[PDB]
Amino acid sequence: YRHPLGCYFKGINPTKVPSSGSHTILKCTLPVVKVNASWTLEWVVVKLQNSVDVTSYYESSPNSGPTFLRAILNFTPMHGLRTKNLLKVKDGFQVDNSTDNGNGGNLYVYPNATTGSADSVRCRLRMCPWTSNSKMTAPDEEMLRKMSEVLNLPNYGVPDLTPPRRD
């Protein structure tokens, strides 16, 4: 099946996509890496010290780079801790879930959101490679070669607790 190899927690600065409406469309350009992996980028609004309710989920293959699939719910936010509630459409933040239109999973920052939370947004990419090999415990040398662009990104919120290995 798809045996996980680990997760990379990197930070990407969003790029403004010129829009037709009054809203701000933000895109976090993902490196075109052709390896078996899952890409979950969390939209962190630094100014409000909170995150958006849903995260953009992408998937990569050995013959295709990260391609958008769906906008899954944010289960483990960077801040959270029940001190505050995640930012929703009501708060002026929405991720489009369209696969037909060229957008997705780009963040929509409507004028309804705090002035100016859009410029404060930062991505927390959770790149998690996998392999068909059950005997592989970490990414091999040629896989780390292909993932160079992701590996060279700055670390963002990488946890202190290293999970235990299968015993």
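We number the residues from 1 along the sequence you see.
Per-stretch averaging of Cα B factors for 142-150 and 19-27 places 19-27 on top. Higher mean CA temperature factor between 67-75 and 80-88: 80-88, per the PDB entry. Across the residues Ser38, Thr114, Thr55, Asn106, the deposited record lists the maximum Cα B factor for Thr114. When all modelled residues of the chain are sorted by CA temperature factor, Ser60 is found within the lowest third. Sort the chain's modelled residues by C-alpha temperature factor and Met127 lands in the lowest third, per the entry. Per the PDB record, residue ranking by Cα B-factor puts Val32 in the lowest third of the chain.
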